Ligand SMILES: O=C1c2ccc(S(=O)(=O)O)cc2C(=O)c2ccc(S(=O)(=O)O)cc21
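Here's a solo chain for you in structure tokens, the form deposited without this ligand.
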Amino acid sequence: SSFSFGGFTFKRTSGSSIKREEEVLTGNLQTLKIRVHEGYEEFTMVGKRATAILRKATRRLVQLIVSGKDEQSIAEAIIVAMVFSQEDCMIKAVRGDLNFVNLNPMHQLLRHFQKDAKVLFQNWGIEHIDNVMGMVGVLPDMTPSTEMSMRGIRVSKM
């Protein structure tokens, strides 16, 4: 039950989901039809330069604990996780001139945020983090922080 998305192998740990073909509205008010997965699932993301534990619900990321080679490798894994979550704020982060989508829309969403994750990370939201050791918060500019992180995202040492 393993699959590939954005260079990462995905394996389901726990949970289940059914698919619903659904219409979503971008920040540019454009209609995309995506195959939404309903239900709470846990995944391990395995890539060549990053690994992650992804806890998600229907169109909502619950938690992402990401480990990797450096900031860039980790950012790549966070981008895939946020696109994979199917969250409204990731879809609403598709905005502005030429930013349009033409055939799988999930792969288009990824290409878009791979080019520039600034609006995605900044529009995702930030939260206060209870102190933990060996786990750190990460800001939308990919700066480590003990005080705050992007909603549900934690960075763990390799």
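Only residues modelled in both forms are compared. So that there is no doubt, residue numbering starts at 1 and follows the sequence shown. Take the two forms, superpose them, and find the largest set of C-alpha atoms that agree within 1.5 Å; that set is the rigid core.
Novice: Please classify the unmodelled stretch of the deposited sequence between residue 102 and residue 103: none, 1 to 3, 4 to 9, or 10 or more residues.
Specialist: The entry has 4 to 9 unmodelled residues between residue 102 and residue 103.
Novice: On average, are the C-alpha B-factors higher in 130-138 or in 16-24?
Specialist: Per the PDB record, 130-138.
Novice: Out of 37-45 and 121-129, which one has CA B-factors that are higher on average in the deposited record?
Specialist: The stretch with the larger mean CA B-factor is 121-129.
Novice: Of the options 106, 98, 66, 90, which has the highest CA B factor as deposited?
Specialist: Max CA B-factor in the entry, restricted to 106, 98, 66, 90: 98.
Novice: Please rank the C-alpha B-factors of the chain's modelled residues and tell me whether residue 62 sits in the lowest, middle or highest third.
Specialist: Top third by C-alpha B-factor.
Keep in mind that the form solved in complex with this ligand is missing from the display, and what follows is about it.
Novice: Looking in the entry with it bound, any heavy atom of residue 33 within 4.5 Å of this ligand?
Specialist: Taking the distances in the entry with it bound, the answer for residue 33 is yes, it comes within 4.5 Å of this ligand.
Novice: Would residue 134 count as touching this ligand in the entry with it bound under a 4.5 Å heavy atom rule?
Specialist: Residue-level check for residue 134: yes, a contact with this ligand.
Novice: Please check if residue 89 has a heavy atom lying within 4.5 Å of any heavy atom of this ligand in the entry with it bound.
Specialist: Heavy-atom contact with this ligand at 4.5 Å: absent for residue 89.
Novice: Just to confirm, residue 27 within 4.5 Å of this ligand in the entry with it bound by heavy atoms?
Specialist: Result no; residue 27 lies far from this ligand in the entry with it bound.
Novice: Among 101, 119, 126, 129, which has any heavy atom within 4.5 Å of this ligand in the entry with it bound?
Specialist: Looking at the other structure, the residue within range turns out to be 101.
Novice: Which residues within 124-158 place at least one heavy atom within 4.5 Å of this ligand in the entry with it bound?
Specialist: Heavy-atom contacts to this ligand in the entry with it bound: 133, 134, 156, 157, 158.
Novice: With both forms fitted on the core, check whether the Cα of residue 39 differs by 2 Å or more between this form and the one not shown.
Specialist: No, the C-alpha position differs by under 2 Å between this form and the one not shown.
Novice: Any chance the CA of residue 96 moves 2 angstroms or more between this form and the one not shown, core superposed?
Specialist: Yes, residue 96 moves 2 Å or more.
Novice: Which residue stretches between this form and the one not shown come out as moving, taking only runs of at least three where every Cα shifts by 2 Å or more after core superposition?
Specialist: The segment that shifts (3 or more residues, C-alpha shift of 2 Å or more) is 96-102 alone.
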